[PDB]
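Note: the block below is entry.txt and it holds compact mmCIF, N, CA, C and O atoms.
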```txt
# COMPACT_ATOMS: atom_id res chain seq x y z
N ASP I 462 -75.15 114.60 101.26
CA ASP I 462 -75.33 114.85 99.81
C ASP I 462 -75.93 113.62 99.15
O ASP I 462 -75.43 112.51 99.31
N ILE I 463 -76.99 113.84 98.40
CA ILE I 463 -77.79 112.75 97.83
C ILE I 463 -76.98 111.91 96.84
O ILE I 463 -77.22 110.70 96.72
N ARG I 464 -76.02 112.52 96.16
CA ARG I 464 -75.16 111.78 95.24
C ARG I 464 -74.40 110.70 96.00
O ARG I 464 -74.26 109.57 95.54
N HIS I 465 -73.94 111.08 97.18
CA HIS I 465 -73.24 110.17 98.07
C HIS I 465 -74.22 109.21 98.75
O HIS I 465 -74.02 108.00 98.74
N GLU I 466 -75.28 109.77 99.31
CA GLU I 466 -76.24 109.02 100.11
C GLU I 466 -76.86 107.86 99.32
O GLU I 466 -76.89 106.74 99.81
N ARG I 467 -77.32 108.13 98.10
CA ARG I 467 -77.99 107.10 97.30
C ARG I 467 -77.07 105.91 97.03
O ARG I 467 -77.51 104.76 97.00
N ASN I 468 -75.78 106.18 96.84
CA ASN I 468 -74.82 105.12 96.56
C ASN I 468 -74.53 104.36 97.84
O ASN I 468 -74.26 103.16 97.83
N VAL I 469 -74.59 105.09 98.95
CA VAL I 469 -74.41 104.51 100.27
C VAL I 469 -75.52 103.50 100.57
O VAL I 469 -75.29 102.47 101.20
N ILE I 470 -76.72 103.81 100.08
CA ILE I 470 -77.86 102.92 100.25
C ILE I 470 -77.59 101.58 99.56
O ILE I 470 -77.97 100.52 100.06
N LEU I 471 -76.89 101.64 98.43
CA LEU I 471 -76.54 100.44 97.67
C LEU I 471 -75.68 99.50 98.51
O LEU I 471 -75.84 98.28 98.43
N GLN I 472 -74.79 100.06 99.31
CA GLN I 472 -73.95 99.27 100.20
C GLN I 472 -74.80 98.64 101.31
O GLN I 472 -74.61 97.48 101.66
N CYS I 473 -75.73 99.42 101.83
CA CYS I 473 -76.60 98.98 102.91
C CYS I 473 -77.48 97.82 102.46
O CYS I 473 -77.47 96.74 103.06
N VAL I 474 -78.23 98.05 101.38
CA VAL I 474 -79.10 97.05 100.79
C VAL I 474 -78.35 95.75 100.50
O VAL I 474 -78.78 94.67 100.92
N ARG I 475 -77.22 95.86 99.82
CA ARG I 475 -76.50 94.68 99.34
C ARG I 475 -75.94 93.86 100.50
O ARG I 475 -75.88 92.64 100.42
N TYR I 476 -75.55 94.54 101.58
CA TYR I 476 -75.07 93.84 102.76
C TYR I 476 -76.19 92.98 103.35
O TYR I 476 -75.99 91.81 103.67
N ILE I 477 -77.37 93.58 103.48
CA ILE I 477 -78.49 92.90 104.10
C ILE I 477 -78.91 91.70 103.28
O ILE I 477 -79.01 90.60 103.80
N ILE I 478 -79.11 91.91 101.99
CA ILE I 478 -79.50 90.83 101.09
C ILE I 478 -78.46 89.71 101.11
O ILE I 478 -78.77 88.55 100.81
N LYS I 479 -77.24 90.06 101.48
CA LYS I 479 -76.14 89.12 101.44
C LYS I 479 -76.21 88.10 102.58
O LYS I 479 -75.83 86.94 102.40
N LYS I 480 -76.68 88.51 103.74
CA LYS I 480 -76.76 87.57 104.86
C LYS I 480 -78.20 87.32 105.29
O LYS I 480 -78.47 86.35 106.00
N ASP I 481 -79.12 88.17 104.86
CA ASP I 481 -80.52 88.02 105.26
C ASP I 481 -81.30 87.18 104.26
O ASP I 481 -81.83 86.12 104.59
N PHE I 482 -81.36 87.67 103.02
CA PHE I 482 -82.29 87.13 102.04
C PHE I 482 -81.68 85.99 101.23
O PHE I 482 -81.97 84.82 101.48
N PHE I 483 -80.84 86.32 100.26
CA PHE I 483 -80.36 85.32 99.32
C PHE I 483 -78.89 85.02 99.53
O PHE I 483 -78.49 83.86 99.62
N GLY I 484 -78.08 86.07 99.62
CA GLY I 484 -76.66 85.89 99.80
C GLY I 484 -75.94 85.58 98.51
O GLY I 484 -74.77 85.20 98.52
N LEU I 485 -76.63 85.77 97.40
CA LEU I 485 -76.10 85.42 96.09
C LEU I 485 -74.96 86.34 95.67
O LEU I 485 -74.79 87.44 96.20
N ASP I 486 -74.17 85.87 94.71
CA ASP I 486 -73.05 86.63 94.17
C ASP I 486 -73.15 86.69 92.65
O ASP I 486 -72.31 86.14 91.94
N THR I 487 -74.19 87.34 92.16
CA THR I 487 -74.43 87.44 90.73
C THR I 487 -73.60 88.57 90.12
O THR I 487 -73.23 88.52 88.94
N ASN I 488 -73.30 89.57 90.93
CA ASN I 488 -72.57 90.74 90.46
C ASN I 488 -71.07 90.49 90.50
O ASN I 488 -70.36 91.03 91.36
N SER I 489 -70.59 89.66 89.59
CA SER I 489 -69.18 89.32 89.54
C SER I 489 -68.71 89.26 88.09
O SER I 489 -69.50 88.99 87.18
N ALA I 490 -67.42 89.52 87.88
CA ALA I 490 -66.85 89.49 86.55
C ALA I 490 -66.44 88.07 86.18
O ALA I 490 -65.26 87.72 86.20
N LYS I 491 -67.43 87.26 85.86
CA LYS I 491 -67.20 85.86 85.53
C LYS I 491 -66.95 85.69 84.04
O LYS I 491 -66.87 84.57 83.53
N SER I 492 -66.82 86.81 83.35
CA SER I 492 -66.56 86.80 81.93
C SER I 492 -65.12 86.39 81.66
O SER I 492 -64.18 87.01 82.16
N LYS I 493 -64.95 85.34 80.88
CA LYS I 493 -63.63 84.83 80.54
C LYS I 493 -63.18 85.33 79.18
O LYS I 493 -62.32 84.74 78.53
N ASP I 494 -63.79 86.42 78.74
CA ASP I 494 -63.43 87.04 77.47
C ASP I 494 -62.13 87.82 77.62
O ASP I 494 -61.32 87.90 76.70
N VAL I 495 -61.93 88.38 78.81
CA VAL I 495 -60.73 89.14 79.12
C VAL I 495 -59.53 88.21 79.27
O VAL I 495 -58.67 88.18 78.36
N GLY J 81 -62.78 110.28 92.87
CA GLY J 81 -63.95 109.45 92.52
C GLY J 81 -64.63 108.87 93.74
O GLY J 81 -64.20 109.14 94.86
N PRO J 82 -65.69 108.06 93.56
CA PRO J 82 -66.43 107.45 94.66
C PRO J 82 -65.66 106.31 95.34
O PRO J 82 -66.07 105.15 95.29
N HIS J 83 -64.55 106.66 95.97
CA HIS J 83 -63.73 105.69 96.66
C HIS J 83 -64.19 105.55 98.10
O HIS J 83 -64.54 104.46 98.56
N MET J 84 -64.24 106.68 98.81
CA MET J 84 -64.69 106.67 100.20
C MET J 84 -66.20 106.87 100.26
O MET J 84 -66.77 107.07 101.33
N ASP J 85 -66.84 106.81 99.10
CA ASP J 85 -68.29 106.80 99.02
C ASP J 85 -68.81 105.40 99.32
O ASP J 85 -70.00 105.19 99.55
N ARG J 86 -67.89 104.44 99.32
CA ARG J 86 -68.20 103.07 99.65
C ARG J 86 -68.02 102.84 101.14
O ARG J 86 -67.00 103.22 101.72
N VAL J 87 -69.00 102.21 101.76
CA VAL J 87 -69.04 102.05 103.20
C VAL J 87 -68.32 100.78 103.63
O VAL J 87 -68.37 99.76 102.94
N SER J 88 -67.63 100.85 104.76
CA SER J 88 -66.96 99.69 105.33
C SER J 88 -67.99 98.76 105.98
O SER J 88 -68.97 99.21 106.57
N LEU J 89 -67.74 97.46 105.84
CA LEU J 89 -68.68 96.42 106.26
C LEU J 89 -69.09 96.53 107.71
O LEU J 89 -70.20 96.16 108.07
N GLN J 90 -68.19 97.03 108.55
CA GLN J 90 -68.50 97.27 109.96
C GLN J 90 -69.74 98.13 110.10
O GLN J 90 -70.68 97.77 110.81
N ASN J 91 -69.74 99.24 109.39
CA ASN J 91 -70.84 100.20 109.43
C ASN J 91 -72.12 99.57 108.90
O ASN J 91 -73.21 99.83 109.40
N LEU J 92 -71.96 98.72 107.89
CA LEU J 92 -73.10 98.06 107.26
C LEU J 92 -73.67 96.99 108.19
O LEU J 92 -74.88 96.84 108.30
N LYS J 93 -72.80 96.27 108.87
CA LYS J 93 -73.22 95.23 109.80
C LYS J 93 -73.94 95.83 111.00
O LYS J 93 -74.79 95.18 111.62
N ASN J 94 -73.62 97.08 111.30
CA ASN J 94 -74.25 97.79 112.41
C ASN J 94 -75.71 98.11 112.10
O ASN J 94 -76.50 98.40 113.00
N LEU J 95 -76.07 98.05 110.82
CA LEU J 95 -77.44 98.31 110.39
C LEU J 95 -78.38 97.24 110.95
O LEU J 95 -79.44 97.55 111.49
N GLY J 96 -77.97 95.98 110.81
CA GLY J 96 -78.77 94.88 111.30
C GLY J 96 -78.86 94.85 112.81
O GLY J 96 -79.77 94.24 113.38
N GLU J 97 -77.92 95.52 113.47
CA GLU J 97 -77.90 95.58 114.93
C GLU J 97 -78.81 96.69 115.43
O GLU J 97 -79.29 96.65 116.57
N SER J 98 -79.05 97.67 114.58
CA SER J 98 -79.91 98.79 114.91
C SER J 98 -81.36 98.33 114.97
O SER J 98 -81.94 97.91 113.96
N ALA J 99 -81.94 98.41 116.16
CA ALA J 99 -83.31 98.00 116.40
C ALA J 99 -84.28 98.79 115.52
O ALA J 99 -85.33 98.28 115.13
N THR J 100 -83.91 100.02 115.21
CA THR J 100 -84.75 100.87 114.39
C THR J 100 -84.74 100.42 112.94
O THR J 100 -85.79 100.30 112.31
N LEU J 101 -83.55 100.13 112.42
CA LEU J 101 -83.40 99.84 111.01
C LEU J 101 -83.94 98.45 110.67
O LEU J 101 -84.65 98.28 109.68
N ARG J 102 -83.61 97.48 111.51
CA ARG J 102 -84.10 96.11 111.30
C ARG J 102 -85.62 96.08 111.26
O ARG J 102 -86.20 95.28 110.53
N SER J 103 -86.26 96.97 112.01
CA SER J 103 -87.71 97.03 112.06
C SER J 103 -88.29 97.51 110.73
O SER J 103 -89.47 97.31 110.45
N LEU J 104 -87.46 98.14 109.91
CA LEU J 104 -87.89 98.63 108.61
C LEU J 104 -87.96 97.47 107.62
O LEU J 104 -88.82 97.43 106.75
N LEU J 105 -87.06 96.51 107.80
CA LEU J 105 -87.00 95.31 106.97
C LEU J 105 -88.27 94.48 107.12
O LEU J 105 -88.57 93.63 106.28
N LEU J 106 -89.01 94.73 108.19
CA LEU J 106 -90.26 94.03 108.46
C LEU J 106 -91.35 94.43 107.45
O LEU J 106 -92.41 93.81 107.40
N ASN J 107 -91.08 95.47 106.66
CA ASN J 107 -92.02 95.90 105.63
C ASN J 107 -91.80 95.11 104.35
O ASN J 107 -90.72 95.17 103.75
N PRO J 108 -92.83 94.37 103.89
CA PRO J 108 -92.75 93.56 102.67
C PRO J 108 -92.51 94.41 101.42
O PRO J 108 -91.96 93.94 100.43
N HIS J 109 -92.94 95.67 101.46
CA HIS J 109 -92.70 96.59 100.36
C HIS J 109 -91.25 97.06 100.37
O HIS J 109 -90.58 97.04 99.34
N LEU J 110 -90.78 97.45 101.54
CA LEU J 110 -89.43 97.99 101.69
C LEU J 110 -88.39 96.94 101.30
O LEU J 110 -87.43 97.25 100.60
N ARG J 111 -88.61 95.71 101.73
CA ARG J 111 -87.69 94.62 101.41
C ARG J 111 -87.71 94.31 99.92
O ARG J 111 -86.69 93.91 99.35
N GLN J 112 -88.86 94.51 99.28
CA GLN J 112 -88.97 94.33 97.84
C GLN J 112 -88.21 95.43 97.11
O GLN J 112 -87.57 95.17 96.09
N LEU J 113 -88.29 96.65 97.63
CA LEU J 113 -87.52 97.76 97.09
C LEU J 113 -86.03 97.42 97.12
O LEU J 113 -85.33 97.53 96.12
N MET J 114 -85.57 96.98 98.29
CA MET J 114 -84.18 96.60 98.48
C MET J 114 -83.72 95.60 97.43
O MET J 114 -82.76 95.86 96.70
N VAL J 115 -84.41 94.47 97.33
CA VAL J 115 -83.99 93.42 96.41
C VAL J 115 -84.07 93.88 94.95
O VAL J 115 -83.21 93.52 94.15
N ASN J 116 -85.07 94.68 94.62
CA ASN J 116 -85.22 95.20 93.26
C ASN J 116 -84.06 96.10 92.89
O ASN J 116 -83.46 95.97 91.81
N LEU J 117 -83.73 97.03 93.79
CA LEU J 117 -82.66 97.98 93.57
C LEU J 117 -81.32 97.27 93.39
O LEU J 117 -80.51 97.65 92.53
N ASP J 118 -81.09 96.23 94.18
CA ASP J 118 -79.84 95.48 94.13
C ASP J 118 -79.68 94.74 92.81
O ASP J 118 -78.59 94.72 92.23
N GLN J 119 -80.76 94.15 92.33
CA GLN J 119 -80.73 93.39 91.08
C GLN J 119 -80.39 94.31 89.92
O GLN J 119 -79.83 93.88 88.90
N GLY J 120 -80.76 95.56 90.08
CA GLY J 120 -80.30 96.59 89.18
C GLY J 120 -80.99 96.58 87.84
O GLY J 120 -80.38 96.94 86.83
N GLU J 121 -82.26 96.17 87.81
CA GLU J 121 -83.04 96.15 86.56
C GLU J 121 -82.95 97.52 85.88
O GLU J 121 -82.78 97.61 84.67
N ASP J 122 -83.06 98.56 86.69
CA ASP J 122 -82.81 99.92 86.25
C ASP J 122 -82.59 100.80 87.46
O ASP J 122 -83.46 101.58 87.85
N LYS J 123 -81.44 100.62 88.08
CA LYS J 123 -81.05 101.39 89.26
C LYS J 123 -81.15 102.89 88.98
O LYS J 123 -81.38 103.68 89.90
N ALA J 124 -81.01 103.27 87.71
CA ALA J 124 -81.06 104.67 87.31
C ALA J 124 -82.37 105.32 87.74
O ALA J 124 -82.37 106.34 88.43
N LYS J 125 -83.50 104.73 87.34
CA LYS J 125 -84.79 105.29 87.68
C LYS J 125 -85.25 104.83 89.06
O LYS J 125 -86.02 105.52 89.73
N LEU J 126 -84.77 103.66 89.50
CA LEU J 126 -85.14 103.15 90.81
C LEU J 126 -84.66 104.10 91.91
O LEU J 126 -85.40 104.41 92.83
N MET J 127 -83.43 104.60 91.78
CA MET J 127 -82.87 105.51 92.78
C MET J 127 -83.75 106.75 92.95
O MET J 127 -83.79 107.36 94.02
N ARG J 128 -84.46 107.12 91.89
CA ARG J 128 -85.37 108.26 91.94
C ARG J 128 -86.73 107.83 92.49
O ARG J 128 -87.25 108.44 93.42
N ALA J 129 -87.26 106.74 91.94
CA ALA J 129 -88.58 106.25 92.31
C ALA J 129 -88.62 105.72 93.75
O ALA J 129 -89.70 105.53 94.31
N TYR J 130 -87.46 105.45 94.33
CA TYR J 130 -87.40 104.92 95.69
C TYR J 130 -87.36 106.04 96.73
O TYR J 130 -87.76 105.84 97.87
N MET J 131 -86.92 107.22 96.31
CA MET J 131 -86.77 108.34 97.24
C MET J 131 -88.09 109.08 97.42
O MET J 131 -88.18 110.06 98.16
N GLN J 132 -89.12 108.61 96.73
CA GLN J 132 -90.44 109.22 96.82
C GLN J 132 -91.36 108.40 97.73
O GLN J 132 -92.39 108.90 98.18
N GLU J 133 -90.97 107.16 98.00
CA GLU J 133 -91.77 106.30 98.86
C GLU J 133 -91.25 106.42 100.28
O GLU J 133 -90.09 106.10 100.55
N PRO J 134 -92.10 106.88 101.20
CA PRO J 134 -91.70 107.19 102.58
C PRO J 134 -91.04 106.00 103.28
O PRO J 134 -90.23 106.19 104.17
N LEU J 135 -91.37 104.80 102.83
CA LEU J 135 -90.84 103.59 103.44
C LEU J 135 -89.34 103.49 103.20
O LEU J 135 -88.57 103.21 104.12
N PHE J 136 -88.92 103.74 101.97
CA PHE J 136 -87.52 103.63 101.62
C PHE J 136 -86.76 104.83 102.14
O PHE J 136 -85.57 104.74 102.47
N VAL J 137 -87.45 105.96 102.25
CA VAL J 137 -86.88 107.17 102.80
C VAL J 137 -86.49 106.95 104.26
O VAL J 137 -85.41 107.36 104.69
N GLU J 138 -87.36 106.28 105.01
CA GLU J 138 -87.08 105.96 106.40
C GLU J 138 -85.84 105.09 106.50
O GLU J 138 -84.94 105.35 107.29
N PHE J 139 -85.79 104.06 105.65
CA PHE J 139 -84.67 103.14 105.61
C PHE J 139 -83.37 103.87 105.30
O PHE J 139 -82.36 103.69 105.98
N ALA J 140 -83.42 104.72 104.28
CA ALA J 140 -82.25 105.46 103.85
C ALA J 140 -81.76 106.39 104.95
O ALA J 140 -80.57 106.41 105.27
N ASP J 141 -82.68 107.13 105.55
CA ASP J 141 -82.31 108.12 106.56
C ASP J 141 -81.79 107.43 107.82
O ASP J 141 -80.97 107.98 108.55
N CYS J 142 -82.24 106.20 108.03
CA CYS J 142 -81.82 105.42 109.19
C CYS J 142 -80.41 104.87 109.00
O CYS J 142 -79.59 104.94 109.92
N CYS J 143 -80.12 104.34 107.81
CA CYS J 143 -78.83 103.73 107.57
C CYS J 143 -77.73 104.78 107.53
O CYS J 143 -76.59 104.51 107.92
N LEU J 144 -78.08 105.99 107.09
CA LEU J 144 -77.11 107.07 106.99
C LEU J 144 -76.49 107.38 108.35
O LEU J 144 -75.28 107.45 108.48
N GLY J 145 -77.33 107.51 109.37
CA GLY J 145 -76.84 107.84 110.69
C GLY J 145 -75.94 106.76 111.27
O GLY J 145 -75.13 107.02 112.16
N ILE J 146 -76.09 105.55 110.76
CA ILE J 146 -75.34 104.41 111.26
C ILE J 146 -74.02 104.23 110.49
O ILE J 146 -73.02 103.80 111.05
N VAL J 147 -74.02 104.58 109.20
CA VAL J 147 -72.85 104.34 108.36
C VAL J 147 -72.03 105.60 108.12
O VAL J 147 -70.88 105.51 107.69
N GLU J 148 -72.61 106.76 108.36
CA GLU J 148 -71.90 108.02 108.13
C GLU J 148 -71.02 108.40 109.31
O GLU J 148 -71.52 108.69 110.39
N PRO J 149 -69.70 108.40 109.11
CA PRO J 149 -68.76 108.92 110.09
C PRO J 149 -68.67 110.43 109.99
O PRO J 149 -68.05 111.10 110.82
N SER J 150 -69.29 110.95 108.94
CA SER J 150 -69.30 112.37 108.65
C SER J 150 -70.08 113.13 109.73
O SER J 150 -71.28 112.94 109.89
N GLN J 151 -69.38 113.98 110.47
CA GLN J 151 -70.01 114.78 111.50
C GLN J 151 -70.85 115.89 110.87
O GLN J 151 -70.69 116.21 109.69
N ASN J 152 -71.74 116.47 111.66
CA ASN J 152 -72.62 117.52 111.17
C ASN J 152 -71.94 118.86 111.27
O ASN J 152 -72.35 119.74 112.03
N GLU J 153 -70.90 118.99 110.47
CA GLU J 153 -70.08 120.19 110.38
C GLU J 153 -69.60 120.68 111.75
O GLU J 153 -68.59 120.21 112.26
N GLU J 154 -70.34 121.60 112.32
CA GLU J 154 -69.96 122.21 113.59
C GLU J 154 -71.09 122.14 114.61
O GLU J 154 -71.18 122.98 115.51
N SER J 155 -71.96 121.15 114.45
CA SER J 155 -73.07 120.96 115.38
C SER J 155 -72.57 120.38 116.70
O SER J 155 -72.30 119.15 116.75
```
Structure translated into structure tokens:
Amino acid sequence: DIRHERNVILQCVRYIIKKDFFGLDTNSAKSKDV
Amino acid sequence: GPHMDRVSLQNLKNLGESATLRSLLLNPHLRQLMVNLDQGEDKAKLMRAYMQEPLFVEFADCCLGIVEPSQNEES
């Protein structure tokens, strides 16, 4: 199911970029407003 | 909700081990798609615009077979 599959791609992509390309951690809740 | 829609790292790490999938990363366009989608400038339209390019389609269809524990019903 494409609803599932497309989100699954997000896991695949992000894993690769994590050890292959940049490995950055920009997607984090670094907001200290909470 | 999308709880088990998230893949375990084992399955994801198996992608880089797949000789077929790693060979897709060799495409400068495909790798640009990957990084663009991750940055999330507009994942909303990217998810659509990426499924029309055969390069990303190959990547997607390849990773599915590696990360999906979901059997083909009764095949």
Can you list, as a ChimeraX atom specification, every protein, DNA or RNA residue that comes within 12 Å of residue I:481 when you count only C-alpha atoms, leaving out same-chain residues fewer than 3 positions away?
-> /I:473-478,484-485 /J:93,95-96,102,105-106,111,114-115
Contact residues around residue J:139 with only C-alpha atoms at 9 Å, ignoring same-chain residues under 6 positions, as a PyMOL selection string | (chain I and resi 470) or (chain J and resi 101+104-105+110)
Each chain I residue no farther than 5 Å from chain J, nearest pair in Å, only N, CA, C and O atoms, as JSON lines:
```
{"residue": "I:465", "atom": "O", "partner": "J:85", "partner_atom": "O", "distance": 5.0}
{"residue": "I:468", "atom": "C", "partner": "J:85", "partner_atom": "O", "distance": 4.9}
{"residue": "I:469", "atom": "CA", "partner": "J:85", "partner_atom": "O", "distance": 4.5}
```
Stretch 95-154 of chain J: which residues are alpha helix (DSSP H) by DSSP, as number ranges by chain?
-> J: 95-97, 99-102, 108-119, 123-129, 134-147
Å distance separating atom CA of residue J:112 from atom CA of residue J:135, one decimal place | 11.0 Å
Record the distance separating atom O of residue I:486 and atom C of residue J:99, expressed in Å with one decimal.
->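 Separation between atom O of residue I:486 and atom C of residue J:99: 29.3 Å.
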One-decimal distance in Å that lies between atom CA of residue J:81 and atom CA of residue J:154 |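 Taking atom CA of residue J:154 as the start and atom CA of residue J:81 as the end point, the length is 25.4 Å.
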